[PDB]
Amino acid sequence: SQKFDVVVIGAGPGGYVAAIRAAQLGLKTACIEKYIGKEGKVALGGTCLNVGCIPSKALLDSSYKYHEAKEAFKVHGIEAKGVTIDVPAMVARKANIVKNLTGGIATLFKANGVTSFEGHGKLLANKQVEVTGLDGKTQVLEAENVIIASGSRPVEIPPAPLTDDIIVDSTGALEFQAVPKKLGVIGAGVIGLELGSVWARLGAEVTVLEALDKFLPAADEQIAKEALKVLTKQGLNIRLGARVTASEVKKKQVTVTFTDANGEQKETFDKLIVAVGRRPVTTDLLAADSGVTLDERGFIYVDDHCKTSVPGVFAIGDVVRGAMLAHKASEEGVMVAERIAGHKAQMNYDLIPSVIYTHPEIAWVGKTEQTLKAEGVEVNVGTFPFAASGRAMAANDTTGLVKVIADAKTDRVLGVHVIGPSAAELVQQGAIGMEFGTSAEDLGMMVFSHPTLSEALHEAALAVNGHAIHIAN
C-alpha cells in the first residue's frame, strides 16, 4: 500500500507547483496526471503549458513581430521587401516550446523527488486515491493529505458545438495551419480578444460576437473604453449585445445567426472560435462516499485556505472559487503545501493582478473606479498617457495610459490600471507597492529610471495629488 504524505490529482499550475513545494518541505509527494500530449505520452503542465498561457503568448509574440514589420517599420527607415508568414512554421515553434516546457516539469519533479503516476485519479473514502492507468488497471494510494487540482475545460454552447476543424475552442485556435480568411469569435473575453488578435495580425478578417452590452466589465471603465476603440481600429469587429442563436456548416464555411439591437443577423466565416468561459472539471473525480461537496456551479466547495469539507483534503486552482488564472492556482498550491507542513501561510486574494495580452497590453490590480463609486469610497485619480512618455515615443508605441486610484482620506493606493506597453510590468510595480500599503505620495517620492516606461506609473501617482511634472495638473 503505497503511502504518501501528499497526493496531488492534476499537474497543471496548481497541482505541479503544490507537488514541488510539498517535496521541498520534506513531504513524500505523489502527483497524478492523465493528459496525453503531442508525443502520445503523458504531458505535465496542465492547460497553461499545453493549450493555454504559453502557447497563446508564443503566437501573440510571433504575430506581433510580423504585424510590426508589415505596418510599423517605415517610420524607422526600415524597408522590408515582401514580408510573409509561414503559419505551419509559426505553430511549430510554439509546439516545440510546449514540448520543452512540459518536459521541464518532469525534470523538476525528478530533481525534487516527486513521484509521478500516469492515469486518472479518483478520490475514494478515507483519503485513498484510485489511479486508473492507461491500461485500465487500478492502483490505490493511501494519502495523509489529498490536493485536488483537476482544473477546467471550455464551456460549450448549443448553437456552436465543436465540429471538424471549422468550429473550434481555444485549443484548436492555437493549431490553425493557415490564416483563416474570415474568422468568427463567440465571446469578447480574454481568450476571444487574444486569439482574435493573433489571426487578425496575420490577415484574418475577424468578427467577435459578445452577448453582454458592456465590454470588459471587470476592467476599469476608462481602460475598457480605450481598449474597445484601439482593438476595433486594429480590425477586431467587436459586436456587443449579440445573442448567438444558431450556426450551420456548409461548403466549408460556418454561418452564425445572432440577434442584436437591430434584429436577426447572419454572418459567415471560414473558422469559428467558441470562447465563452471555462467550467470546472470534476468528472469521475469523487467517489459517492468521498465526503467532498460541490457548490451550485459545480466547483469544489472550499474555505479561504482551500480546505474541503473533508479534513486533509484540499482543492485549488480552476476547480474552486476565485479568478481562474494560473498564478492564482500556483499560489494556492504553495499555500496548501505550506499549511500541510505546519506554516500559517495565507493568500491575499485582493492583490491578484489581471493581464490581457493584447497589444496594447491591458493589466490591472486592485479596484476599478466604478467599483469604488458603487461602494461609496471617495477617491483621487491620477492618469498619465504614454503619448507624453519619451521612452514610449522612442519605442514608436504611444497608445494608452496609466491610472492610479487612491483613497481620498488616507492616500492609500486602491488600484492600478494600465493599457499600453509593458502594462503587466507596471502593474506588478504597483502591486508590490500595494503589498506594503503604499500611498500615492510614497510612489511619487521614489527615484524612477529615465527613460523608462515605468516613469508613467511615477507620473500617474504624482497626478493623484495634482503635482505630476509632465502633465498640466
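One-based numbering along the sequence shown.
- Mean CA temperature factor is higher for 104 to 112 when stretches 384 to 392 and 104 to 112 are set side by side in the entry.
- A summary of the deposited B-factors shows that, of 289 to 297 and 326 to 334, the stretch with the larger mean C-alpha value is 289 to 297.
- When the Cα B-factors of 45, 437, 40, 444 are read from the PDB record, 40 comes out highest.
- Of the candidates 369, 210, 284, 194, the deposited coordinates give 284 the top C-alpha B factor.
- In the PDB entry, a CA B factor belonging to the highest third of its chain's modelled residues is recorded for residue 24.
- In the deposited entry, the Cα temperature factor of residue 350 places it in the highest third of its chain's modelled residues.
- The PDB entry assigns residue 70 a C-alpha temperature factor belonging to the middle third of its chain's modelled residues.
- In this PDB entry, the Cα temperature factor of residue 403 sits in the bottom third of its chain's modelled residues, the lowest group.
- Per the deposited record, the Cα B-factor of residue 150 falls in the middle third when ranked against the other modelled residues of its chain.
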